[PDB]
Novice: 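Mind looking over this structure? Questions follow.
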Amino acid sequence: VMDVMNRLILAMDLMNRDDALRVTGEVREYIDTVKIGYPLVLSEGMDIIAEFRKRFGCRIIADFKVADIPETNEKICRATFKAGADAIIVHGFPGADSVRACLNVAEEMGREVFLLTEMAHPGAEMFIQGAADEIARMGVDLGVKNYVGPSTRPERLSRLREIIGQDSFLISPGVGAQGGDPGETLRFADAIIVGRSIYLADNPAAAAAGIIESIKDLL
Amino acid sequence: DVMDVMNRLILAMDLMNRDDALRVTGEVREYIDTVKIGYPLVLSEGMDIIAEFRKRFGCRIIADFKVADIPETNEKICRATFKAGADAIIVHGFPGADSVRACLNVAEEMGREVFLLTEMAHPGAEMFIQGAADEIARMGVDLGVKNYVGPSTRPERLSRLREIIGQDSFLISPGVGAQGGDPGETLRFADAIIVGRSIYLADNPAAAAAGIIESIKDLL
Ligand SMILES: O=c1cnn([C@@H]2O[C@H](COP(=O)(O)O)[C@@H](O)[C@H]2O)c(=O)[nH]1
Ligand SMILES: O=c1cnn([C@@H]2O[C@H](COP(=O)(O)O)[C@@H](O)[C@H]2O)c(=O)[nH]1
(Lines give C-alpha, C1' and ligand atoms only; values in the text may rest on other atoms or scores of the structure.)
(Ligands and ions follow the chains in the order given, each with its own letter.)
Protein backbone atom coordinates (compact mmCIF):
# COMPACT_ATOMS: atom_id res chain seq x y z
CA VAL A 1 0.00 0.00 0.00
CA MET A 2 1.13 3.51 -0.90
CA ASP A 3 2.68 5.31 2.08
CA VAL A 4 1.73 8.99 1.98
CA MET A 5 3.66 11.23 4.38
CA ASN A 6 1.34 12.93 6.87
CA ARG A 7 -1.63 11.45 4.97
CA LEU A 8 -1.48 14.64 2.90
CA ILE A 9 -1.30 14.87 -0.89
CA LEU A 10 -0.65 18.26 -2.44
CA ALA A 11 -2.85 19.10 -5.44
CA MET A 12 -0.45 21.22 -7.41
CA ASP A 13 -2.76 23.10 -9.80
CA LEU A 14 -0.76 26.31 -10.20
CA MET A 15 -0.24 26.98 -13.91
CA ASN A 16 3.20 28.59 -13.79
CA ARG A 17 6.35 26.45 -13.54
CA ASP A 18 8.16 28.90 -11.28
CA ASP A 19 5.23 29.29 -8.88
CA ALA A 20 4.51 25.57 -8.89
CA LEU A 21 8.12 24.65 -8.10
CA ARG A 22 8.50 27.40 -5.48
CA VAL A 23 5.31 26.52 -3.59
CA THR A 24 5.97 22.80 -3.73
CA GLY A 25 9.47 23.49 -2.42
CA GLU A 26 8.04 25.53 0.45
CA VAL A 27 5.95 22.60 1.68
CA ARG A 28 8.33 19.77 0.81
CA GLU A 29 9.09 18.93 4.44
CA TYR A 30 5.41 18.08 4.95
CA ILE A 31 4.72 15.85 1.95
CA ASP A 32 6.16 13.15 -0.29
CA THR A 33 3.25 12.82 -2.71
CA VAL A 34 2.10 15.35 -5.28
CA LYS A 35 -0.99 15.18 -7.48
CA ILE A 36 -0.33 16.83 -10.83
CA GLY A 37 -3.19 17.55 -13.17
CA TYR A 38 -3.94 19.09 -16.51
CA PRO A 39 -3.81 22.71 -15.33
CA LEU A 40 -0.05 22.38 -14.73
CA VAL A 41 0.74 19.81 -17.43
CA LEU A 42 -1.08 21.64 -20.24
CA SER A 43 0.55 24.93 -19.24
CA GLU A 44 4.12 23.69 -18.78
CA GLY A 45 4.36 20.29 -20.46
CA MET A 46 4.65 16.70 -19.29
CA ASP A 47 8.37 17.22 -18.67
CA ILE A 48 7.30 18.88 -15.40
CA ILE A 49 6.72 15.45 -13.87
CA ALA A 50 10.37 14.41 -14.23
CA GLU A 51 11.38 17.80 -12.91
CA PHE A 52 9.29 17.32 -9.77
CA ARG A 53 10.96 13.94 -9.22
CA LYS A 54 14.40 15.47 -9.77
CA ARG A 55 13.78 18.34 -7.35
CA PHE A 56 11.71 16.66 -4.64
CA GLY A 57 11.87 12.92 -5.17
CA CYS A 58 8.13 12.86 -4.50
CA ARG A 59 5.69 10.29 -5.83
CA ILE A 60 3.49 11.65 -8.60
CA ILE A 61 -0.21 10.94 -9.13
CA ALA A 62 -1.42 12.09 -12.52
CA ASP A 63 -4.95 13.37 -12.07
CA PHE A 64 -6.00 13.08 -15.68
CA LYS A 65 -9.61 11.99 -15.09
CA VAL A 66 -9.16 9.44 -17.92
CA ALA A 67 -12.50 9.15 -19.66
CA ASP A 68 -12.10 7.92 -23.23
CA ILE A 69 -12.66 4.70 -25.15
CA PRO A 70 -10.38 1.74 -24.31
CA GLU A 71 -8.02 2.27 -27.26
CA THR A 72 -7.46 5.93 -26.42
CA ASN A 73 -7.27 5.29 -22.66
CA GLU A 74 -4.39 2.90 -23.34
CA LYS A 75 -2.48 5.59 -25.23
CA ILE A 76 -3.12 8.21 -22.55
CA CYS A 77 -1.85 5.89 -19.80
CA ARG A 78 1.22 4.99 -21.85
CA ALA A 79 2.13 8.64 -22.46
CA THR A 80 1.48 9.47 -18.79
CA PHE A 81 3.66 6.70 -17.36
CA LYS A 82 6.38 7.45 -19.94
CA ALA A 83 6.49 10.91 -18.36
CA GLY A 84 7.20 9.38 -14.95
CA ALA A 85 3.83 9.31 -13.19
CA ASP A 86 3.53 6.63 -10.53
CA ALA A 87 -0.25 6.46 -10.74
CA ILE A 88 -3.12 7.79 -12.79
CA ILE A 89 -6.69 8.71 -11.87
CA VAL A 90 -9.38 7.22 -14.14
CA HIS A 91 -13.12 7.87 -14.31
CA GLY A 92 -15.35 4.88 -13.78
CA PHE A 93 -18.42 6.38 -15.48
CA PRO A 94 -17.34 5.35 -19.03
CA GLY A 95 -17.54 1.68 -18.02
CA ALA A 96 -15.49 -1.43 -17.36
CA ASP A 97 -13.68 -1.82 -20.68
CA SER A 98 -12.29 1.71 -20.38
CA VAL A 99 -11.04 1.01 -16.85
CA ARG A 100 -9.52 -2.34 -17.87
CA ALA A 101 -7.53 -0.63 -20.62
CA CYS A 102 -5.87 1.54 -17.96
CA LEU A 103 -5.27 -1.37 -15.60
CA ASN A 104 -3.49 -3.22 -18.41
CA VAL A 105 -0.98 -0.43 -19.10
CA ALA A 106 -0.42 0.18 -15.39
CA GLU A 107 0.49 -3.47 -14.93
CA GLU A 108 2.85 -3.34 -17.92
CA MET A 109 4.73 -0.30 -16.62
CA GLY A 110 4.72 -0.89 -12.86
CA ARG A 111 2.13 1.72 -11.94
CA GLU A 112 -1.21 2.07 -10.17
CA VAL A 113 -4.70 3.02 -11.31
CA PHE A 114 -6.93 5.07 -8.97
CA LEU A 115 -10.65 4.72 -9.78
CA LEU A 116 -12.68 7.90 -9.29
CA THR A 117 -16.18 6.82 -8.18
CA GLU A 118 -18.00 9.97 -6.96
CA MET A 119 -16.78 13.53 -7.39
CA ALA A 120 -16.85 16.25 -4.74
CA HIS A 121 -18.48 19.20 -6.57
CA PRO A 122 -22.22 19.99 -6.58
CA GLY A 123 -22.74 18.79 -10.17
CA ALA A 124 -21.68 15.29 -9.11
CA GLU A 125 -25.21 14.89 -7.77
CA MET A 126 -26.79 15.00 -11.24
CA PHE A 127 -25.43 11.79 -12.75
CA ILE A 128 -22.33 10.51 -10.98
CA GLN A 129 -23.69 10.04 -7.47
CA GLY A 130 -26.47 7.69 -8.58
CA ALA A 131 -23.90 5.51 -10.38
CA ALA A 132 -21.18 5.72 -7.76
CA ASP A 133 -21.90 2.61 -5.71
CA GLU A 134 -22.16 0.51 -8.84
CA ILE A 135 -18.91 2.05 -10.13
CA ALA A 136 -17.24 1.10 -6.86
CA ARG A 137 -18.51 -2.50 -7.13
CA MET A 138 -17.22 -2.55 -10.70
CA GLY A 139 -13.83 -1.54 -9.34
CA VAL A 140 -13.94 -4.40 -6.86
CA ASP A 141 -14.93 -6.85 -9.63
CA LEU A 142 -11.99 -5.60 -11.75
CA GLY A 143 -9.47 -5.95 -8.94
CA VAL A 144 -8.99 -2.20 -8.50
CA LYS A 145 -7.25 -1.46 -5.20
CA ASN A 146 -7.05 2.35 -5.27
CA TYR A 147 -10.02 4.71 -5.19
CA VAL A 148 -10.97 8.37 -5.07
CA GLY A 149 -14.10 9.69 -3.32
CA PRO A 150 -15.50 13.00 -2.09
CA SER A 151 -14.49 14.84 1.10
CA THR A 152 -17.53 17.07 0.75
CA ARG A 153 -19.94 14.19 1.43
CA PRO A 154 -18.56 12.16 4.33
CA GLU A 155 -21.55 9.81 4.32
CA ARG A 156 -20.83 9.04 0.65
CA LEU A 157 -17.12 8.66 1.37
CA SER A 158 -17.95 6.25 4.20
CA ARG A 159 -20.20 4.24 1.88
CA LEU A 160 -17.35 4.04 -0.66
CA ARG A 161 -15.03 2.75 2.08
CA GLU A 162 -17.70 0.19 3.05
CA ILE A 163 -17.92 -1.12 -0.53
CA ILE A 164 -14.19 -1.36 -1.21
CA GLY A 165 -13.18 -2.65 2.23
CA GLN A 166 -10.55 -1.55 4.76
CA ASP A 167 -7.76 -3.10 2.66
CA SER A 168 -8.25 -0.90 -0.41
CA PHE A 169 -6.50 2.47 -0.58
CA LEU A 170 -8.72 5.58 -0.68
CA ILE A 171 -7.77 9.21 -1.27
CA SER A 172 -10.14 12.14 -1.07
CA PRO A 173 -10.22 15.68 -2.57
CA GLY A 174 -12.53 18.54 -1.66
CA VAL A 175 -10.78 19.33 1.62
CA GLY A 176 -10.60 23.00 2.53
CA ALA A 177 -11.64 25.16 -0.41
CA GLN A 178 -14.60 22.95 -1.38
CA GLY A 179 -15.74 22.53 2.24
CA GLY A 180 -14.45 19.15 3.38
CA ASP A 181 -12.89 18.78 6.83
CA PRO A 182 -9.43 17.19 7.06
CA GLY A 183 -9.98 15.10 10.20
CA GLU A 184 -13.47 13.89 9.33
CA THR A 185 -12.29 12.86 5.86
CA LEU A 186 -9.46 10.81 7.41
CA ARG A 187 -12.02 8.71 9.27
CA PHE A 188 -12.59 7.00 5.94
CA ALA A 189 -9.81 7.99 3.54
CA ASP A 190 -6.19 6.91 3.88
CA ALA A 191 -5.06 10.32 2.62
CA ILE A 192 -6.53 13.72 1.93
CA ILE A 193 -5.86 15.77 -1.19
CA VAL A 194 -5.45 19.51 -0.61
CA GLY A 195 -4.93 22.13 -3.31
CA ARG A 196 -5.99 25.75 -2.89
CA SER A 197 -6.01 25.81 0.93
CA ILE A 198 -2.26 25.36 0.59
CA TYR A 199 -1.14 26.75 -2.77
CA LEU A 200 -3.28 29.92 -2.60
CA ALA A 201 -2.47 30.65 1.05
CA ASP A 202 -0.39 33.68 2.03
CA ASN A 203 2.00 31.24 3.67
CA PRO A 204 1.72 27.80 2.03
CA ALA A 205 4.07 26.20 4.58
CA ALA A 206 2.06 27.52 7.52
CA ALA A 207 -1.15 26.37 5.84
CA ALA A 208 0.23 22.86 5.42
CA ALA A 209 1.59 22.83 8.97
CA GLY A 210 -1.81 23.96 10.22
CA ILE A 211 -3.70 21.17 8.48
CA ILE A 212 -1.22 18.64 9.84
CA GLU A 213 -1.57 20.06 13.35
CA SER A 214 -5.35 19.63 13.05
CA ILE A 215 -4.97 15.90 12.31
CA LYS A 216 -1.91 15.18 14.47
CA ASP A 217 -3.70 12.43 16.41
CA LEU A 218 -4.58 10.63 13.17
CA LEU A 219 -0.93 10.35 12.12
CA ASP B 1 -23.67 29.64 -38.15
CA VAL B 2 -21.49 26.59 -37.49
CA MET B 3 -17.93 25.62 -38.36
CA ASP B 4 -17.64 24.81 -42.07
CA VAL B 5 -16.08 21.36 -42.07
CA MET B 6 -14.61 20.46 -45.44
CA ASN B 7 -16.13 17.25 -46.86
CA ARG B 8 -17.95 16.71 -43.56
CA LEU B 9 -14.85 14.78 -42.45
CA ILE B 10 -12.77 15.39 -39.33
CA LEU B 11 -9.43 13.64 -38.87
CA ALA B 12 -8.83 12.11 -35.41
CA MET B 13 -5.07 12.52 -35.18
CA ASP B 14 -4.16 10.08 -32.43
CA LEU B 15 -0.67 9.15 -33.59
CA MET B 16 1.79 9.76 -30.76
CA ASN B 17 4.84 10.83 -32.70
CA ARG B 18 5.23 14.36 -34.09
CA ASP B 19 6.87 13.27 -37.33
CA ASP B 20 4.21 10.68 -38.15
CA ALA B 21 1.34 12.90 -37.02
CA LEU B 22 2.63 15.75 -39.17
CA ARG B 23 3.21 13.52 -42.20
CA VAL B 24 -0.22 11.93 -42.15
CA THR B 25 -2.07 15.18 -41.55
CA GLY B 26 -0.14 16.85 -44.40
CA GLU B 27 -1.06 13.97 -46.69
CA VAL B 28 -4.80 14.44 -46.19
CA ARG B 29 -4.76 18.25 -46.21
CA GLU B 30 -6.58 18.53 -49.55
CA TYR B 31 -9.50 16.50 -48.14
CA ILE B 32 -9.74 17.68 -44.53
CA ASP B 33 -9.52 21.17 -43.00
CA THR B 34 -10.56 20.21 -39.46
CA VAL B 35 -8.41 18.09 -37.19
CA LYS B 36 -9.28 16.64 -33.79
CA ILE B 37 -6.20 16.49 -31.55
CA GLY B 38 -6.45 14.60 -28.28
CA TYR B 39 -4.35 13.56 -25.35
CA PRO B 40 -2.44 10.71 -27.09
CA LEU B 41 -0.63 13.31 -29.22
CA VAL B 42 -0.71 16.25 -26.79
CA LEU B 43 0.74 14.30 -23.84
CA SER B 44 3.44 12.89 -26.11
CA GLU B 45 4.47 16.07 -27.89
CA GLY B 46 3.19 19.05 -25.88
CA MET B 47 0.51 21.69 -26.40
CA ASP B 48 2.81 23.41 -28.91
CA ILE B 49 1.74 20.66 -31.34
CA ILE B 50 -1.46 22.66 -31.82
CA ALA B 51 0.69 25.62 -32.88
CA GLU B 52 2.68 23.45 -35.26
CA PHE B 53 -0.47 22.12 -36.93
CA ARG B 54 -1.76 25.67 -37.40
CA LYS B 55 1.57 26.78 -38.83
CA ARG B 56 1.91 23.83 -41.22
CA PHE B 57 -1.70 23.27 -42.29
CA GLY B 58 -4.74 25.50 -42.69
CA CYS B 59 -6.66 23.35 -40.23
CA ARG B 60 -9.11 24.19 -37.47
CA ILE B 61 -8.27 22.39 -34.25
CA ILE B 62 -10.73 20.61 -31.95
CA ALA B 63 -9.07 19.59 -28.68
CA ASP B 64 -10.63 16.29 -27.68
CA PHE B 65 -9.79 16.54 -24.00
CA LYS B 66 -13.03 15.04 -22.63
CA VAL B 67 -12.94 17.64 -19.88
CA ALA B 68 -14.35 15.94 -16.81
CA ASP B 69 -13.30 17.74 -13.64
CA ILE B 70 -14.80 20.14 -11.08
CA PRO B 71 -15.77 23.62 -12.34
CA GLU B 72 -12.61 25.36 -11.06
CA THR B 73 -10.29 22.87 -12.74
CA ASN B 74 -12.41 22.75 -15.91
CA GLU B 75 -11.94 26.50 -16.22
CA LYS B 76 -8.16 26.18 -16.03
CA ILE B 77 -8.05 23.36 -18.58
CA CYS B 78 -10.17 25.31 -21.06
CA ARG B 79 -8.04 28.46 -20.55
CA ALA B 80 -4.79 26.60 -21.18
CA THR B 81 -6.26 24.84 -24.20
CA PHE B 82 -7.60 27.98 -25.84
CA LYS B 83 -4.35 29.86 -25.01
CA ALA B 84 -2.55 27.22 -27.09
CA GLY B 85 -4.77 27.93 -30.09
CA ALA B 86 -7.51 25.32 -30.09
CA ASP B 87 -10.68 26.51 -31.84
CA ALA B 88 -12.87 24.27 -29.70
CA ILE B 89 -12.74 21.80 -26.84
CA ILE B 90 -14.73 18.62 -26.12
CA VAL B 91 -16.24 18.37 -22.65
CA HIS B 92 -18.01 15.53 -20.84
CA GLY B 93 -21.52 16.18 -19.63
CA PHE B 94 -21.72 13.42 -17.03
CA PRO B 95 -20.00 15.49 -14.32
CA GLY B 96 -23.05 17.77 -14.40
CA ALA B 97 -24.23 21.27 -15.22
CA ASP B 98 -21.78 23.34 -13.19
CA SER B 99 -18.82 21.59 -14.79
CA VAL B 100 -20.21 22.25 -18.27
CA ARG B 101 -21.12 25.85 -17.44
CA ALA B 102 -17.55 26.50 -16.31
CA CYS B 103 -16.32 25.50 -19.77
CA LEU B 104 -19.00 27.53 -21.58
CA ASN B 105 -18.05 30.61 -19.57
CA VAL B 106 -14.37 30.38 -20.52
CA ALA B 107 -15.26 29.65 -24.15
CA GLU B 108 -17.49 32.74 -24.19
CA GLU B 109 -14.86 35.01 -22.67
CA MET B 110 -12.09 33.65 -24.90
CA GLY B 111 -14.10 33.58 -28.14
CA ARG B 112 -13.98 29.80 -28.70
CA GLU B 113 -16.39 26.86 -28.72
CA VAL B 114 -17.47 23.99 -26.47
CA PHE B 115 -18.57 20.63 -27.83
CA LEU B 116 -20.63 18.56 -25.38
CA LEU B 117 -20.02 14.82 -25.42
CA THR B 118 -23.38 13.15 -24.59
CA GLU B 119 -23.01 9.41 -25.27
CA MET B 120 -19.86 7.50 -26.20
CA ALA B 121 -19.32 5.00 -28.97
CA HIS B 122 -17.60 2.12 -27.15
CA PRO B 123 -19.22 -0.94 -25.52
CA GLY B 124 -18.62 0.31 -21.96
CA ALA B 125 -20.81 3.34 -22.66
CA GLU B 126 -23.80 1.05 -22.11
CA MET B 127 -23.07 0.66 -18.39
CA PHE B 128 -23.67 4.23 -17.17
CA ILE B 129 -23.46 6.80 -19.94
CA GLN B 130 -26.25 5.55 -22.17
CA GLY B 131 -28.86 5.81 -19.41
CA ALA B 132 -27.87 9.41 -18.71
CA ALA B 133 -27.33 10.50 -22.30
CA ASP B 134 -30.78 11.90 -23.09
CA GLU B 135 -30.75 14.01 -19.94
CA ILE B 136 -27.17 15.12 -20.56
CA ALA B 137 -28.20 16.28 -24.04
CA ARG B 138 -31.27 18.10 -22.68
CA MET B 139 -29.05 19.74 -20.08
CA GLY B 140 -26.78 20.87 -22.89
CA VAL B 141 -29.68 22.46 -24.73
CA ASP B 142 -30.78 24.19 -21.53
CA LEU B 143 -27.28 25.58 -20.94
CA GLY B 144 -27.11 26.95 -24.49
CA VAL B 145 -24.63 24.42 -25.85
CA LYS B 146 -24.65 24.53 -29.65
CA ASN B 147 -22.10 21.81 -30.50
CA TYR B 148 -22.37 18.13 -29.61
CA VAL B 149 -20.65 14.77 -29.98
CA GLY B 150 -22.51 11.47 -30.24
CA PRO B 151 -21.80 7.88 -31.27
CA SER B 152 -21.65 6.56 -34.85
CA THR B 153 -21.87 3.00 -33.55
CA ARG B 154 -25.47 3.39 -32.33
CA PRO B 155 -27.51 4.97 -35.13
CA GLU B 156 -30.66 4.83 -33.01
CA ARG B 157 -28.99 6.73 -30.17
CA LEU B 158 -27.41 9.22 -32.57
CA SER B 159 -30.83 9.85 -34.11
CA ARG B 160 -32.35 10.53 -30.70
CA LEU B 161 -29.50 12.89 -29.82
CA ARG B 162 -30.15 14.83 -33.03
CA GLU B 163 -33.86 15.05 -32.12
CA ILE B 164 -33.07 16.40 -28.67
CA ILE B 165 -30.58 19.04 -29.83
CA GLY B 166 -32.58 20.09 -32.89
CA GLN B 167 -31.53 20.67 -36.49
CA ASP B 168 -29.81 24.00 -35.72
CA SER B 169 -27.26 22.40 -33.39
CA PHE B 170 -23.95 21.12 -34.74
CA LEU B 171 -23.27 17.41 -34.23
CA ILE B 172 -20.06 15.47 -34.89
CA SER B 173 -19.73 11.72 -34.55
CA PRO B 174 -16.80 9.35 -33.94
CA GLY B 175 -16.73 5.56 -34.16
CA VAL B 176 -16.69 5.51 -37.96
CA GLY B 177 -14.54 2.81 -39.54
CA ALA B 178 -12.44 1.05 -36.93
CA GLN B 179 -15.24 0.96 -34.33
CA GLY B 180 -17.76 -0.18 -36.94
CA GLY B 181 -19.82 2.90 -37.79
CA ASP B 182 -20.73 3.65 -41.40
CA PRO B 183 -19.88 7.05 -42.91
CA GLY B 184 -23.07 7.60 -44.93
CA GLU B 185 -25.44 6.24 -42.30
CA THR B 186 -23.82 8.46 -39.68
CA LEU B 187 -24.21 11.56 -41.86
CA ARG B 188 -27.98 11.01 -41.83
CA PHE B 189 -27.81 12.65 -38.40
CA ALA B 190 -24.34 14.11 -37.82
CA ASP B 191 -23.07 17.23 -39.57
CA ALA B 192 -19.63 15.65 -39.77
CA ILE B 193 -17.97 12.35 -39.08
CA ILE B 194 -14.77 11.84 -37.14
CA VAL B 195 -12.34 9.27 -38.52
CA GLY B 196 -9.05 8.19 -36.98
CA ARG B 197 -7.47 4.78 -37.55
CA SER B 198 -9.19 4.07 -40.89
CA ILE B 199 -7.17 7.00 -42.24
CA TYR B 200 -4.05 7.29 -40.11
CA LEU B 201 -3.15 3.58 -40.07
CA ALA B 202 -3.75 3.21 -43.82
CA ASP B 203 -0.80 2.61 -46.14
CA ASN B 204 -2.01 5.67 -48.05
CA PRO B 205 -3.98 7.99 -45.77
CA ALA B 206 -4.80 10.26 -48.74
CA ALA B 207 -6.37 7.35 -50.59
CA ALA B 208 -8.22 6.30 -47.44
CA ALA B 209 -9.72 9.77 -47.00
CA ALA B 210 -10.54 10.02 -50.71
CA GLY B 211 -12.33 6.66 -50.55
CA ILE B 212 -14.43 7.68 -47.56
CA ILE B 213 -15.36 10.88 -49.35
CA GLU B 214 -16.23 9.06 -52.58
CA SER B 215 -18.55 6.82 -50.54
CA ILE B 216 -20.45 9.88 -49.27
CA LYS B 217 -20.19 12.04 -52.40
CA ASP B 218 -23.97 12.42 -52.73
CA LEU B 219 -24.18 13.85 -49.19
CA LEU B 220 -21.70 16.66 -49.87
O1 LIG C 1 -14.05 14.77 -7.24
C2 LIG C 1 -13.03 15.42 -7.38
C3 LIG C 1 -11.93 14.87 -8.17
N4 LIG C 1 -10.83 15.56 -8.32
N5 LIG C 1 -10.70 16.82 -7.74
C6 LIG C 1 -9.41 17.51 -7.90
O7 LIG C 1 -8.82 17.65 -6.62
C8 LIG C 1 -8.18 18.94 -6.50
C9 LIG C 1 -8.81 19.71 -5.38
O10 LIG C 1 -8.23 21.00 -5.28
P11 LIG C 1 -8.67 22.02 -4.13
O12 LIG C 1 -8.15 21.38 -2.76
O13 LIG C 1 -7.84 23.37 -4.29
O14 LIG C 1 -10.14 22.10 -4.06
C15 LIG C 1 -8.28 19.60 -7.87
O16 LIG C 1 -7.12 19.29 -8.64
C17 LIG C 1 -9.50 18.92 -8.49
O18 LIG C 1 -9.49 18.91 -9.91
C19 LIG C 1 -11.70 17.31 -6.97
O20 LIG C 1 -11.57 18.40 -6.46
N21 LIG C 1 -12.86 16.63 -6.80
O1 LIG D 1 -17.46 8.52 -27.90
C2 LIG D 1 -16.36 8.71 -28.39
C3 LIG D 1 -15.68 9.97 -28.11
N4 LIG D 1 -14.51 10.18 -28.63
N5 LIG D 1 -13.90 9.20 -29.42
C6 LIG D 1 -12.59 9.53 -30.01
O7 LIG D 1 -12.75 9.53 -31.42
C8 LIG D 1 -11.58 8.95 -32.05
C9 LIG D 1 -12.00 7.74 -32.84
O10 LIG D 1 -10.88 7.15 -33.48
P11 LIG D 1 -11.02 5.89 -34.45
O12 LIG D 1 -11.74 6.46 -35.77
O13 LIG D 1 -9.57 5.43 -34.92
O14 LIG D 1 -11.91 4.88 -33.85
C15 LIG D 1 -10.59 8.68 -30.92
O16 LIG D 1 -9.76 9.83 -30.75
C17 LIG D 1 -11.49 8.52 -29.70
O18 LIG D 1 -10.84 8.81 -28.48
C19 LIG D 1 -14.54 8.05 -29.69
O20 LIG D 1 -14.01 7.21 -30.39
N21 LIG D 1 -15.76 7.79 -29.17
Side-chain angles (χ1 to χ4, degrees), chain A residues 9-14 35-40 61 63-65 67-76 89 91 94 98 114 116-121 123-124 128 132 148-153 156-157 171-180 182 192-201 211, chain B residues 10-15 36-41 62 64-66 68-77 90 92 95 99 115 117-122 124-125 129 133 149-154 157-158 172-181 193-201 212:
Chain A
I9 296 171
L10 174 64
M12 178 40 60
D13 297 315
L14 291 170
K35 185 177 77 65
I36 296 180
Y38 284 135
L40 181 55
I61 303 166
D63 186 3
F64 289 178
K65 299 291 191 306
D68 219 302
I69 68 172
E71 290 74 9
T72 298
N73 280 9
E74 175 179 345
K75 294 178 168 171
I76 293 168
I89 297 173
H91 266 295
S98 285
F114 278 72
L116 175 57
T117 63
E118 184 173 333
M119 292 178 68
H121 66 299
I128 294 177
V148 189
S151 173
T152 49
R153 305 188 191 95
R156 295 295 301 143
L157 187 66
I171 67 178
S172 182
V175 177
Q178 296 177 60
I192 50 174
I193 294 159
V194 178
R196 286 164 291 169
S197 290
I198 294 168
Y199 74 71
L200 289 189
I211 292 163
Chain B
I10 297 173
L11 176 66
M13 181 34 66
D14 297 312
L15 291 174
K36 186 178 76 67
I37 297 184
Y39 281 135
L41 178 57
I62 301 168
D64 188 358
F65 287 177
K66 297 200 172 51
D69 217 301
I70 66 169
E72 184 76 3
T73 296
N74 281 9
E75 289 196 33
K76 295 177 184 183
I77 295 172
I90 298 172
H92 265 295
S99 289
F115 278 67
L117 177 61
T118 58
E119 179 169 330
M120 290 178 71
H122 68 297
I129 293 172
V149 187
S152 165
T153 53
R154 302 192 190 94
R157 298 295 302 137
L158 191 65
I172 68 178
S173 181
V176 179
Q179 294 178 66
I193 51 178
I194 295 159
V195 180
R197 284 164 289 170
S198 290
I199 294 172
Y200 74 69
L201 292 182
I212 289 161

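Order of the sequence lines fixes the chain letters, A, B, ..., with proteins taken first and strands second; residue numbering starts at 1 for each chain. For ligands, and for the atoms within them, numbers begin at 1 and follow the listed sequence.
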Novice: Would you call B/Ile62 and B/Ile172 a side-chain contact if the rule is heavy atoms closer than 4.5 Å?
Specialist: yes

Novice: Evaluate the criterion side chain to side chain contact (heavy atoms under 4.5 Å, CB included) for residue pair A/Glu71 and B/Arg197; output intermediate values, then yes/no.
Specialist: CA-CA 11 Å; A/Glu71 290 74 9; B/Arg197 284 164 289 170; 3.5 Å; yes

Novice: Could you pull out every N or O of ligand 1 that sits under 3.5 Å from a protein N or O, with the distance for each pair?
Specialist:
{"residue": "ligand 1", "atom": "1 (O)", "partner": "A/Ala120", "partner atom": "N", "Å": "2.9"}
{"residue": "ligand 1", "atom": "4 (N)", "partner": "A/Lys65", "partner atom": "NZ", "Å": "3.0"}
{"residue": "ligand 1", "atom": "12 (O)", "partner": "A/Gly195", "partner atom": "N", "Å": "2.7"}
{"residue": "ligand 1", "atom": "13 (O)", "partner": "A/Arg196", "partner atom": "N", "Å": "2.4"}
{"residue": "ligand 1", "atom": "13 (O)", "partner": "A/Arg196", "partner atom": "NE", "Å": "2.9"}
{"residue": "ligand 1", "atom": "14 (O)", "partner": "A/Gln178", "partner atom": "NE2", "Å": "2.9"}
{"residue": "ligand 1", "atom": "14 (O)", "partner": "A/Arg196", "partner atom": "NH2", "Å": "2.8"}
{"residue": "ligand 1", "atom": "16 (O)", "partner": "A/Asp13", "partner atom": "OD2", "Å": "2.5"}
{"residue": "ligand 1", "atom": "16 (O)", "partner": "A/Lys35", "partner atom": "NZ", "Å": "2.9"}
{"residue": "ligand 1", "atom": "18 (O)", "partner": "B/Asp69", "partner atom": "OD1", "Å": "2.5"}
{"residue": "ligand 1", "atom": "18 (O)", "partner": "B/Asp69", "partner atom": "OD2", "Å": "3.2"}
{"residue": "ligand 1", "atom": "18 (O)", "partner": "B/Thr73", "partner atom": "OG1", "Å": "2.8"}
{"residue": "ligand 1", "atom": "20 (O)", "partner": "A/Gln178", "partner atom": "NE2", "Å": "2.8"}

Novice: Which pair of non-hydrogen atoms, one from A/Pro39 and one from B/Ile77, has the smallest distance, and what is that distance?
Specialist: CD-CG1, 4.3 Å

Novice: Heavy atoms, side chains only, cut-off 4.5 Å: are B/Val149 and B/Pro174 in contact?
Specialist: yes

Novice: Would you confirm whether B/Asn74, through its side chain, and B/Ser99, through its main-chain N or O, come within 3.5 Å as a donor-acceptor pair?
Specialist: yes

Novice: For B/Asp14, is there any backbone N or O sitting under 3.5 Å from a side-chain donor or acceptor partner on A/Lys75?
Specialist: yes

